[PDB]
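Let's start with one chain on its own, the form deposited in one PDB entry, as structure tokens.
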């Protein structure tokens, strides 16, 4: 019903759904790479320079594309296709964060005399998780999948993101101290087996990330070996914040899993009904013939709904 608004793309268009999946994949990488770019590099190496610029370009198109995309209203509950209303809705809803996230923050950091506060603007690109939140909302609205399983998946994804981000921030806090005071950081004072993470800034990127993620994963599960631990006061405060948040997050995970199991399965509804029928049967002693007939018939009833 938008013959007048021919330019506007239907949100259920097949090609726009393909673009939604493509930009969902791009958003996952961007919101996972951004913490690593901010934590393990003080300026992106040239080898992945293109991966920076291209990474924003795919999002820039989205900024344009979302301007030519209709939507379903929340008060009228009618699918609104007015291009001016579309533009105003996206300008006042999410345009600012998406647009500011596509700035060449690495190039701006390197051009502006290597100022760290400029690099702190990379965290705007964590607002690209809005794509994943929208994907999980859509998949929760999907009646095919169980609703509480969707919540469990969303919580596990949040745990993955928070653990990865916590690892990147934990390594970054070690980098916030000068290398001379590196012995007062968690990684600069770290010694695992024979290996000593002495000049940790010059260790391979993936060794550093694996160590930080190992600490973050081990803390997230509340195992807590101690091999890696906070040493600074800043590391101290960050670990307190992270474990306090992850305590509530793990409690929510346990609660959601328990709610899924408490909901019960038809198999269980059938098992309980079986036990009730057996109680009745043994309290009236029907007889093996009628007993077996009843059991078989009710099994077939539960099987055939």
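Residue numbers count along the first chain shown, from 1. Rigid core: the largest C-alpha set superposing within 1.5 Å between the two forms.
Omitted here: the form deposited in another entry. The next part is about that form.
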(request) Determine, after fitting the two forms on their core, whether residue 25 shows a C-alpha shift of 2 Å or more between the shown form and the other one. (result) no
(message) After core superposition, I'd like to know whether residue 258 moves between the shown form and the other one (criterion: C-alpha shift of 2 angstroms or more).
(response) no
(request) Determine whether the C-alpha of residue 279 shifts by 2 Å or more between the shown form and the other one once the rigid core is superposed. (result) yes
